[PDB]
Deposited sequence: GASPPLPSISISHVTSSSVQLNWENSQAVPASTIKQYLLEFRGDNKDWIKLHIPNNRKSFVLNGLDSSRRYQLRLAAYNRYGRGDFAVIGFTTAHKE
């Protein structure tokens, strides 16, 4: 089970877009507990909406197969202002 290569874009005051090449996606406000996100299969991108502005978050993604999941690829970001 491999390590996804993830890429962030479209960083707004309330959302970010993740791109990469079953999954487990989680996010958290900085230093808080992780929240598991629903993402459908056969998706290669994901828009996380509903975030606060000017705030630090982390996203992490791991890939799944029948044997289990791999390690998490993590990205920290700060949403835009206003």
| message | Please give the gaps, as residue ranges numbered from 1 in the deposited sequence, where no C-alpha is present. | response | 1-3, 25-35, 97
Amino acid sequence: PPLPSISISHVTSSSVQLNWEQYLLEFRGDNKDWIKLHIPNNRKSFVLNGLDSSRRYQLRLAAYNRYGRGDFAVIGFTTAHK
From here on, numbers count along this sequence of modelled residues.
| remark: As the entry reports it, the stretch among 10-18 and 61-69 with higher mean C-alpha B factor is 61-69
| remark: Going by the entry, of stretches 32-40 and 45-53 the one with greater average Cα B-factor is 32-40
